[PDB]
Amino acid sequence: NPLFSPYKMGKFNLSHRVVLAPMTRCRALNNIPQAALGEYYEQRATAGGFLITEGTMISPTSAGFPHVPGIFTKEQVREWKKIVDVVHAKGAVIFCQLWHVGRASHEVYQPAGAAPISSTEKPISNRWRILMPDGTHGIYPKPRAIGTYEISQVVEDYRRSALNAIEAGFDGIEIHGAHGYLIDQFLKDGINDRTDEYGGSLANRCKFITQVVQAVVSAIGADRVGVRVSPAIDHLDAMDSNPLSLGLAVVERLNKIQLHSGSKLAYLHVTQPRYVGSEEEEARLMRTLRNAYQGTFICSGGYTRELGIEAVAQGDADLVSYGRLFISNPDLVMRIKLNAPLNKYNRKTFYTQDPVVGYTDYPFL
Ligand SMILES: NC(=O)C1=CN([C@@H]2O[C@H](COP(=O)(O)OP(=O)(O)OC[C@H]3O[C@@H](n4cnc5c(N)ncnc54)[C@H](OP(=O)(O)O)[C@@H]3O)[C@@H](O)[C@H]2O)CCC1
Ligand SMILES: NC(=O)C1=CN([C@@H]2O[C@H](COP(=O)(O)OP(=O)(O)OC[C@H]3O[C@@H](n4cnc5c(N)ncnc54)[C@H](OP(=O)(O)O)[C@@H]3O)[C@@H](O)[C@H]2O)CCC1
Ligand SMILES: Cc1cc2nc3c(=O)[nH]c(=O)nc-3n(C[C@H](O)[C@H](O)[C@H](O)COP(=O)(O)O)c2cc1C
């Protein structure tokens with residue numbers, strides 16, 4: 001089973017290639033990491049396995065889900081340290097995903113009920129609704145378009161949060177540049193209607209992600225920085241007219257950062273769409289991004305045991321991250337190794353607040 005051949009991801013000797021994908025679960029009440037998160041990540045940690053946390057706030061304006069953890073305060077750092085410690089005690093590597101939602105927010109999630117920020121004033125359409133704190137679904141509002149100075153202050157929020165993650169003991173951070181969130185609102189030409197230096201051409205649309213990655217690289221070192229993108233995922237009305245071209249343009253900037261800095265990033269992590277031909281066209285897009293990128297490639301999106309084995313065997317990825325199956329299978333790594341049955345997951349408790357129910361009570365083998 002090639003998922004169980006070891007992989008050297010920079011300094012890290014991973015014993016297998018099954019990665020915990022970042023998953024928002026909304027148990028970090030009032031944005032403070034809770035003891036429940038420690039139990040949840042501990043359950044999933046394995047010796048030599050790699051875990052990526054749920055998206056974590058970089059500032060007070062960065063959230064668009066309830067009870068998502070932050071890492072922008074020293075209080076949040078103290079609580080994250082306890083979780084990192086239990087994960088490291090099991091021999092796992094753990095990165096903190098840094099997440100800003102941009103326009104995918106609501107007055108209820110913003111300080112003083114202010115408008116969310118974006119590259120544009122265009123809102124997400126009414127075909128998508130936002131989960132509210134009371135469990136109902138609400139309307140995405142019109143965001144405020146930010147200027148070049150405010151962009152630099154958002155970049156500084158990423159930098160400070162990356163420093164805080166390292167203070168908490170994380171092995172590194174992942175930049176969430178996917179799924180229609182802030183960075184993707186600058187990348188995708190279906191959203192970014194700017195006429196300044198952050199809009200228009202591929203180079204201008206890639207400016208923001210380049211600036212974010214450069215700032216965190218210069219703060220903590222390229223080896224402790226991964227980057228996640230999703231050029232062909234259309235979530236939250238975030239489409240590009242040419243996803244393969246956009247993806248390659250991002251890869252070009254990442255390769256250039258590495259050459260200029262003198263060091264490789266930890267990895268490029270790409271989520272692909274899954275449609276139920278499209279599967280071959282999408283596989284060729286993924287393989288082309290992998291081939292173009294100078295370093296470690298993590299694939300994600302709809303992977304199963306069989307598809308993960310194929311991705312590694314065929315050279316299409318170095319590591320394979322799993323989301324939904326890892327929600328319901330704390331021992332997913334072992335189940336994949338043994339080709340054991342998998343527990344069904346309960347979508348109704350993906351984003352609820354109970355510290356146990358639908359969170360840590362899915363059974364082991
Ligand atoms: N912070 C973030 O970055 C967030 C990322 N998210 C991403 O947003 C997108 C939309 O998420 P979703 O929960 O609204 O939809 P999705 O998980 O893709 O499934 C939509 C329907 O298609 C079903 N589906 C069963 N397999 C498949 C399959 N391979 N492919 C796409 N659909 C499938 C799927 O069945 P499940 O209940 O999950 O079994 C579901 O009923 C996804 O790409 C998701 O990964 C969630 C929100 C937080
Ligand atoms: N061990 C598992 O089953 C796992 C499922 N997983 C996912 O967990 C989620 C929860 O499962 P669910 O029962 O709540 O939803 P679903 O799998 O879509 O099936 C709903 C009902 O339709 C039934 N069903 C099933 N396949 C059919 C069919 N081809 N035609 C018609 N009816 C069908 C199915 O019967 P089974 O329990 O599978 O025997 C079930 O009663 C699903 O998204 C599932 O994809 C994770 C992987 C392992
Ligand atoms: C409940 C849930 C929450 C998620 N939260 C995040 C998130 O915080 N950050 C992110 O980059 N992706 C997030 N994702 C996307 C997953 O990381 C991953 O790409 C997707 O689940 C992989 O597909 P799979 O579920 O078929 O393995 C989330 C997915 C789900 C289902």
# chains A, B, ... in the order shown; residues from 1 in each chain; ligands from 1

$ residues_around --residues "region 311-319 of chain A" --least-positions-apart "4" --cutoff "7 Å" --atoms "only C-alpha atoms" --output "PyMOL selection string"
chain A and resi 2-3+17-19+287+290+296-299+307

$ closest_atom_pairs --of "chain A" --to "ligand 2" --cutoff "9 Å" --atoms "only C-alpha atoms and all ligand atoms" --output "tab-separated table"
residue	atom	partner	partner_atom_place_in_ligand_line	distance
A:324	CA	ligand 2	46 (C)	7.7
A:325	CA	ligand 2	46 (C)	6.0
A:328	CA	ligand 2	46 (C)	7.6
A:329	CA	ligand 2	46 (C)	8.8
A:341	CA	ligand 2	1 (N)	6.1
A:342	CA	ligand 2	48 (C)	4.5
A:343	CA	ligand 2	1 (N)	4.9
A:344	CA	ligand 2	8 (O)	3.5
A:345	CA	ligand 2	8 (O)	4.1
A:346	CA	ligand 2	10 (C)	5.6
A:347	CA	ligand 2	9 (C)	7.2

$ write_last_selection --atoms "N, CA, C and O atoms" --output "PDB file, in the first residue's frame"
ATOM      1  N   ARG A 324     -14.230  14.467   5.205  1.00  0.00           N
ATOM      2  CA  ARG A 324     -15.445  13.903   5.795  1.00  0.00           C
ATOM      3  C   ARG A 324     -15.200  12.536   6.426  1.00  0.00           C
ATOM      4  O   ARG A 324     -15.746  12.243   7.498  1.00  0.00           O
ATOM      5  N   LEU A 325     -14.381  11.688   5.786  1.00  0.00           N
ATOM      6  CA  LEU A 325     -14.169  10.365   6.379  1.00  0.00           C
ATOM      7  C   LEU A 325     -13.417  10.455   7.694  1.00  0.00           C
ATOM      8  O   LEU A 325     -13.589   9.602   8.574  1.00  0.00           O
ATOM      9  N   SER A 328     -15.798  11.059  10.861  1.00  0.00           N
ATOM     10  CA  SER A 328     -16.479   9.933  11.475  1.00  0.00           C
ATOM     11  C   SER A 328     -15.564   8.766  11.794  1.00  0.00           C
ATOM     12  O   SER A 328     -16.015   7.807  12.432  1.00  0.00           O
ATOM     13  N   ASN A 329     -14.299   8.802  11.368  1.00  0.00           N
ATOM     14  CA  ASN A 329     -13.365   7.714  11.627  1.00  0.00           C
ATOM     15  C   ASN A 329     -12.145   8.288  12.323  1.00  0.00           C
ATOM     16  O   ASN A 329     -11.183   8.716  11.664  1.00  0.00           O
ATOM     17  N   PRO A 341     -13.998  -1.474   7.336  1.00  0.00           N
ATOM     18  CA  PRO A 341     -15.167  -0.639   7.060  1.00  0.00           C
ATOM     19  C   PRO A 341     -15.002   0.730   7.706  1.00  0.00           C
ATOM     20  O   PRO A 341     -14.243   0.910   8.661  1.00  0.00           O
ATOM     21  N   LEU A 342     -15.731   1.697   7.158  1.00  0.00           N
ATOM     22  CA  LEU A 342     -15.713   3.066   7.656  1.00  0.00           C
ATOM     23  C   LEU A 342     -17.057   3.428   8.268  1.00  0.00           C
ATOM     24  O   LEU A 342     -18.111   3.018   7.778  1.00  0.00           O
ATOM     25  N   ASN A 343     -17.008   4.207   9.341  1.00  0.00           N
ATOM     26  CA  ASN A 343     -18.216   4.731   9.954  1.00  0.00           C
ATOM     27  C   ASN A 343     -18.849   5.780   9.049  1.00  0.00           C
ATOM     28  O   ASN A 343     -18.149   6.580   8.418  1.00  0.00           O
ATOM     29  N   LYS A 344     -20.180   5.788   9.003  1.00  0.00           N
ATOM     30  CA  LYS A 344     -20.908   6.870   8.358  1.00  0.00           C
ATOM     31  C   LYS A 344     -20.754   8.154   9.168  1.00  0.00           C
ATOM     32  O   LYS A 344     -20.641   8.133  10.396  1.00  0.00           O
ATOM     33  N   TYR A 345     -20.727   9.280   8.467  1.00  0.00           N
ATOM     34  CA  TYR A 345     -20.691  10.565   9.158  1.00  0.00           C
ATOM     35  C   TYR A 345     -22.074  11.199   9.193  1.00  0.00           C
ATOM     36  O   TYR A 345     -22.925  10.947   8.333  1.00  0.00           O
ATOM     37  N   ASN A 346     -22.287  12.035  10.198  1.00  0.00           N
ATOM     38  CA  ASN A 346     -23.571  12.712  10.416  1.00  0.00           C
ATOM     39  C   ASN A 346     -23.379  14.196  10.118  1.00  0.00           C
ATOM     40  O   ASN A 346     -22.903  14.947  10.977  1.00  0.00           O
ATOM     41  N   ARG A 347     -23.791  14.619   8.922  1.00  0.00           N
ATOM     42  CA  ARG A 347     -23.682  16.024   8.535  1.00  0.00           C
ATOM     43  C   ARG A 347     -24.391  16.956   9.519  1.00  0.00           C
ATOM     44  O   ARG A 347     -24.000  18.123   9.666  1.00  0.00           O
TER      45      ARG A 347
END

$ residues_near_ligand --ligand "ligand 3" --cutoff "7 Å" --atoms "only C-alpha atoms and all ligand atoms" --output "tab-separated table (two decimals) with N, CA and C atoms, in the first residue's frame"
chain	number	residue	atom	x	y	z
A	21	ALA	N	-7.35	16.59	6.63
A	21	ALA	CA	-7.66	17.85	5.99
A	21	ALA	C	-8.19	18.85	7.02
A	22	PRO	N	-7.99	20.15	6.77
A	22	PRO	CA	-8.53	21.18	7.68
A	22	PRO	C	-10.04	21.18	7.64
A	23	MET	N	-10.69	21.12	8.81
A	23	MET	CA	-12.16	21.07	8.81
A	23	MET	C	-12.73	21.93	9.92
A	24	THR	N	-13.43	22.99	9.53
A	24	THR	CA	-14.22	23.79	10.47
A	24	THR	C	-15.28	22.92	11.15
A	25	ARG	N	-15.27	22.93	12.49
A	25	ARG	CA	-16.24	22.15	13.27
A	25	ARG	C	-16.97	22.97	14.32
A	54	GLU	N	-8.47	22.91	11.65
A	54	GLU	CA	-9.56	23.70	11.07
A	54	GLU	C	-9.07	25.12	10.83
A	55	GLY	N	-9.72	25.80	9.91
A	55	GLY	CA	-9.41	27.21	9.66
A	55	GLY	C	-9.44	28.02	10.94
A	176	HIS	N	-4.90	29.45	3.97
A	176	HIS	CA	-6.16	29.07	3.32
A	176	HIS	C	-6.42	30.02	2.16
A	178	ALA	N	-8.27	29.10	-0.57
A	178	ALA	CA	-9.24	28.35	-1.39
A	178	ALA	C	-10.71	28.59	-1.05
A	228	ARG	N	-2.76	26.42	0.45
A	228	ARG	CA	-3.89	25.67	-0.08
A	228	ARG	C	-4.68	26.53	-1.05
A	271	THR	N	-7.35	21.34	-3.58
A	271	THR	CA	-8.62	20.61	-3.54
A	271	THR	C	-9.22	20.63	-4.93
A	300	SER	N	-6.56	16.65	-2.51
A	300	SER	CA	-7.71	16.59	-1.61
A	300	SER	C	-8.97	16.75	-2.44
A	301	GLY	N	-10.08	16.28	-1.88
A	301	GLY	CA	-11.38	16.44	-2.51
A	301	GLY	C	-11.94	15.14	-3.03
A	302	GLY	N	-12.79	14.51	-2.23
A	302	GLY	CA	-13.43	13.27	-2.66
A	302	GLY	C	-12.57	12.04	-2.64
A	303	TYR	N	-11.40	12.06	-2.00
A	303	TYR	CA	-10.54	10.89	-2.04
A	303	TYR	C	-11.08	9.78	-1.15
A	321	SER	N	-5.02	14.21	1.55
A	321	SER	CA	-5.80	14.62	2.72
A	321	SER	C	-7.26	14.22	2.60
A	322	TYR	N	-7.82	13.85	3.74
A	322	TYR	CA	-9.18	13.34	3.87
A	322	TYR	C	-9.91	14.21	4.87
A	323	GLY	N	-11.12	14.63	4.49
A	323	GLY	CA	-11.98	15.44	5.33
A	323	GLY	C	-13.13	14.65	5.95
A	324	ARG	N	-14.23	14.47	5.20
A	324	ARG	CA	-15.44	13.90	5.80
A	324	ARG	C	-15.20	12.54	6.43
A	325	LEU	N	-14.38	11.69	5.79
A	325	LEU	CA	-14.17	10.36	6.38
A	325	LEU	C	-13.42	10.45	7.69
A	350	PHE	N	-21.87	18.42	11.91
A	350	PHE	CA	-20.61	18.99	11.41
A	350	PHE	C	-20.26	20.29	12.12
A	351	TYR	N	-21.25	21.16	12.34
A	351	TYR	CA	-21.03	22.53	12.80
A	351	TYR	C	-21.76	22.89	14.09

$ residues_around --residues "residue 246 (chain A)" --least-positions-apart "4" --cutoff "8 Å" --atoms "only C-alpha atoms" --output "short mmCIF file (atom, residue, chain, number, x, y, z; two decimals) with N, CA, C and O atoms, in the first residue's frame"
data_model
loop_
_atom_site.label_atom_id
_atom_site.label_comp_id
_atom_site.auth_asym_id
_atom_site.auth_seq_id
_atom_site.Cartn_x
_atom_site.Cartn_y
_atom_site.Cartn_z
N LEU A 187 -8.04 36.12 -6.20
CA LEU A 187 -7.50 35.29 -7.28
C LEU A 187 -8.47 35.18 -8.46
O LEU A 187 -8.04 35.21 -9.62
N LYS A 188 -9.76 34.98 -8.18
CA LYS A 188 -10.72 34.54 -9.20
C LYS A 188 -11.25 35.73 -9.99
O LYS A 188 -11.77 36.69 -9.41
N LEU A 202 -3.48 38.28 -14.64
CA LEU A 202 -3.07 37.19 -13.75
C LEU A 202 -2.07 37.67 -12.70
O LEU A 202 -2.23 37.36 -11.51
N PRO A 231 -8.35 26.17 -7.57
CA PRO A 231 -8.69 26.97 -8.77
C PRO A 231 -9.95 26.52 -9.49
O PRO A 231 -10.58 27.36 -10.13
N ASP A 240 -13.26 31.15 -11.89
CA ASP A 240 -12.32 31.76 -12.82
C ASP A 240 -12.63 31.29 -14.23
O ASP A 240 -12.95 30.12 -14.45
N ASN A 242 -10.52 30.63 -16.49
CA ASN A 242 -9.51 29.66 -16.93
C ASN A 242 -8.80 29.09 -15.71
O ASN A 242 -7.68 29.50 -15.37
N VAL A 250 -0.50 30.78 -10.07
CA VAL A 250 -0.18 30.68 -8.64
C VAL A 250 1.09 29.88 -8.44
O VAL A 250 1.98 30.26 -7.68
#

$ select_by_dssp --residues "region 17-235 of chain A" --states "strand (DSSP E or B)" --output "ChimeraX atom specification"
/A:18-20,50-57,70,93-99,117-118,129-131,137-139,144-145,172-177,225-229

$ closest_residue --among "A:100, A:253, A:159, A:224" --to "ligand 1" --atoms "only C-alpha atoms and all ligand atoms"
A:100

$ atom_distance --atom1 "atom 15 (O, counted along the ligand's line) of ligand 1" --atom2 "CA of residue 273 (chain A)"
10.6 Å

$ closest_residue --among "A:32, A:262, A:4, A:168" --to "residue 337 (chain A)" --atoms "only C-alpha atoms"
A:4

$ residues_around --residues "region 116-127 of chain A" --least-positions-apart "6" --cutoff "10 Å" --atoms "only C-alpha atoms" --output "ChimeraX atom specification"
/A:61-64,100-107,109-110,138-147,150-151,180-187,191-194,198-199,205,208,235-238

$ atom_distance --atom1 "CA of residue 84 (chain A)" --atom2 "CA of residue 58 (chain A)"
17.9 Å

$ closest_residue --among "A:99, A:326, A:40, A:158" --to "ligand 1" --atoms "only C-alpha atoms and all ligand atoms"
A:99

$ residues_around --residues "region 66-77 of chain A" --least-positions-apart "6" --cutoff "8 Å" --atoms "only C-alpha atoms" --output "mmCIF file with C-alpha atoms, in the first residue's frame"
data_model
loop_
_atom_site.group_PDB
_atom_site.id
_atom_site.type_symbol
_atom_site.label_atom_id
_atom_site.label_comp_id
_atom_site.auth_asym_id
_atom_site.auth_seq_id
_atom_site.Cartn_x
_atom_site.Cartn_y
_atom_site.Cartn_z
ATOM 1 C CA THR A 24 -14.219 23.788 10.474
ATOM 2 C CA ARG A 25 -16.237 22.153 13.274
ATOM 3 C CA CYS A 26 -17.354 25.135 15.411
ATOM 4 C CA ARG A 27 -16.466 23.712 18.857
ATOM 5 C CA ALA A 28 -14.053 26.547 19.749
ATOM 6 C CA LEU A 29 -16.622 28.470 21.788
ATOM 7 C CA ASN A 30 -16.204 32.252 21.551
ATOM 8 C CA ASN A 31 -13.154 31.659 19.350
ATOM 9 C CA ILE A 32 -11.136 30.114 22.214
ATOM 10 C CA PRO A 33 -9.645 26.665 21.539
ATOM 11 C CA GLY A 55 -9.411 27.215 9.664
ATOM 12 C CA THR A 56 -8.282 29.615 12.361
ATOM 13 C CA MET A 57 -9.027 33.365 12.630
ATOM 14 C CA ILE A 58 -6.190 35.842 11.928
ATOM 15 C CA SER A 59 -8.127 38.874 13.241
ATOM 16 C CA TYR A 109 -19.802 37.772 12.928
ATOM 17 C CA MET A 132 -25.967 31.704 11.702
ATOM 18 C CA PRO A 133 -25.175 31.305 15.410
ATOM 19 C CA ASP A 157 -2.606 39.939 10.421
ATOM 20 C CA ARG A 160 1.238 38.051 13.356
ATOM 21 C CA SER A 161 -0.965 34.942 13.392
ATOM 22 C CA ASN A 164 1.560 33.199 17.188
ATOM 23 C CA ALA A 165 1.113 29.702 15.760
ATOM 24 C CA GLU A 167 4.687 30.495 19.680
ATOM 25 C CA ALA A 168 1.990 27.870 20.369
ATOM 26 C CA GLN A 353 -21.274 23.155 19.459
#

$ closest_residue --among "A:12, A:293, A:80, A:275" --to "ligand 1" --atoms "only C-alpha atoms and all ligand atoms"
A:275

$ closest_residue --among "A:363, A:169, A:177, A:330" --to "residue 247 (chain A)" --atoms "only C-alpha atoms"
A:177

$ select_by_dssp --residues "region 65-223 of chain A" --states "helix (DSSP H, G or I)" --output "PyMOL selection string"
chain A and resi 74-89+107-109+111-113+148-167+182-187+202-205+207-220+222-223

$ closest_residue --among "A:213, A:131, A:219, A:251" --to "ligand 1" --atoms "only C-alpha atoms and all ligand atoms"
A:131

$ atom_distance --atom1 "CA of residue 340 (chain A)" --atom2 "CA of residue 306 (chain A)"
12.5 Å

$ residues_around --residues "residue 355 (chain A)" --least-positions-apart "2" --cutoff "9 Å" --atoms "only C-alpha atoms" --output "list in words"
residues 27, 28, 34, 35, 36, 37, 352, 353, 357, 358, 359 and 360 of chain A

$ write_last_selection --atoms "N, CA, C and O atoms" --output "mmCIF file, in the first residue's frame"
data_model
loop_
_atom_site.group_PDB
_atom_site.id
_atom_site.type_symbol
_atom_site.label_atom_id
_atom_site.label_comp_id
_atom_site.auth_asym_id
_atom_site.auth_seq_id
_atom_site.Cartn_x
_atom_site.Cartn_y
_atom_site.Cartn_z
ATOM 1 N N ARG A 27 -16.458 24.034 17.426
ATOM 2 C CA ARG A 27 -16.466 23.712 18.857
ATOM 3 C C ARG A 27 -15.623 24.677 19.677
ATOM 4 O O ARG A 27 -15.569 24.558 20.915
ATOM 5 N N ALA A 28 -14.955 25.636 19.036
ATOM 6 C CA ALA A 28 -14.053 26.547 19.749
ATOM 7 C C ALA A 28 -14.858 27.747 20.235
ATOM 8 O O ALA A 28 -14.810 28.843 19.663
ATOM 9 N N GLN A 34 -10.808 24.955 22.799
ATOM 10 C CA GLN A 34 -11.370 24.296 23.967
ATOM 11 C C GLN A 34 -10.705 22.942 24.143
ATOM 12 O O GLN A 34 -10.143 22.372 23.208
ATOM 13 N N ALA A 35 -10.838 22.400 25.356
ATOM 14 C CA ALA A 35 -10.300 21.073 25.627
ATOM 15 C C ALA A 35 -10.840 20.027 24.652
ATOM 16 O O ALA A 35 -10.135 19.057 24.325
ATOM 17 N N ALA A 36 -12.088 20.199 24.188
ATOM 18 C CA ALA A 36 -12.659 19.270 23.217
ATOM 19 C C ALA A 36 -11.813 19.173 21.955
ATOM 20 O O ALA A 36 -11.718 18.094 21.363
ATOM 21 N N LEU A 37 -11.225 20.293 21.516
ATOM 22 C CA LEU A 37 -10.380 20.243 20.315
ATOM 23 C C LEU A 37 -9.174 19.369 20.573
ATOM 24 O O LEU A 37 -8.747 18.615 19.695
ATOM 25 N N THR A 352 -22.204 21.896 14.854
ATOM 26 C CA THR A 352 -22.843 22.135 16.140
ATOM 27 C C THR A 352 -21.776 22.330 17.213
ATOM 28 O O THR A 352 -20.582 22.221 16.959
ATOM 29 N N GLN A 353 -22.200 22.683 18.427
ATOM 30 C CA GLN A 353 -21.274 23.155 19.459
ATOM 31 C C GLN A 353 -20.970 22.150 20.556
ATOM 32 O O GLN A 353 -20.119 22.428 21.415
ATOM 33 N N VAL A 357 -20.826 15.215 21.267
ATOM 34 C CA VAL A 357 -21.772 14.621 20.328
ATOM 35 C C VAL A 357 -21.433 15.016 18.893
ATOM 36 O O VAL A 357 -21.418 16.206 18.542
ATOM 37 N N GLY A 358 -21.241 14.010 18.040
ATOM 38 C CA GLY A 358 -20.824 14.220 16.661
ATOM 39 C C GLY A 358 -19.425 14.765 16.503
ATOM 40 O O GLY A 358 -19.072 15.213 15.401
ATOM 41 N N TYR A 359 -18.616 14.733 17.562
ATOM 42 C CA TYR A 359 -17.283 15.325 17.539
ATOM 43 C C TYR A 359 -16.256 14.292 17.983
ATOM 44 O O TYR A 359 -15.380 13.917 17.199
ATOM 45 N N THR A 360 -16.350 13.808 19.222
ATOM 46 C CA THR A 360 -15.404 12.827 19.728
ATOM 47 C C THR A 360 -16.038 11.479 20.015
ATOM 48 O O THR A 360 -15.348 10.587 20.507
#

$ decode --residues "region 294-322 of chain A" --atoms "C-alpha atoms" --output "tab-separated table (two decimals), in the first residue's frame"
chain	number	residue	atom	x	y	z
A	294	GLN	CA	8.74	22.47	-7.28
A	295	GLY	CA	7.99	20.61	-4.05
A	296	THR	CA	5.54	18.49	-2.06
A	297	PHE	CA	1.98	18.18	-3.36
A	298	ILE	CA	-1.07	17.30	-1.24
A	299	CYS	CA	-4.23	16.38	-3.13
A	300	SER	CA	-7.71	16.59	-1.61
A	301	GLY	CA	-11.38	16.44	-2.51
A	302	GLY	CA	-13.43	13.27	-2.66
A	303	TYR	CA	-10.54	10.89	-2.04
A	304	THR	CA	-11.18	7.34	-0.88
A	305	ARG	CA	-8.79	4.56	0.04
A	306	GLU	CA	-8.62	3.37	-3.58
A	307	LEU	CA	-8.27	6.85	-5.08
A	308	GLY	CA	-5.57	7.82	-2.57
A	309	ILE	CA	-3.58	4.68	-3.32
A	310	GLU	CA	-3.85	5.44	-7.04
A	311	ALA	CA	-2.77	9.07	-6.60
A	312	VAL	CA	0.42	8.10	-4.78
A	313	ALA	CA	1.20	5.05	-6.95
A	314	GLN	CA	0.83	7.05	-10.16
A	315	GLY	CA	3.00	9.93	-8.89
A	316	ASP	CA	0.07	12.36	-8.97
A	317	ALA	CA	0.55	13.46	-5.32
A	318	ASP	CA	2.90	12.93	-2.41
A	319	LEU	CA	0.24	13.11	0.31
A	320	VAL	CA	-3.55	12.70	0.33
A	321	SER	CA	-5.80	14.62	2.72
A	322	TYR	CA	-9.18	13.34	3.87
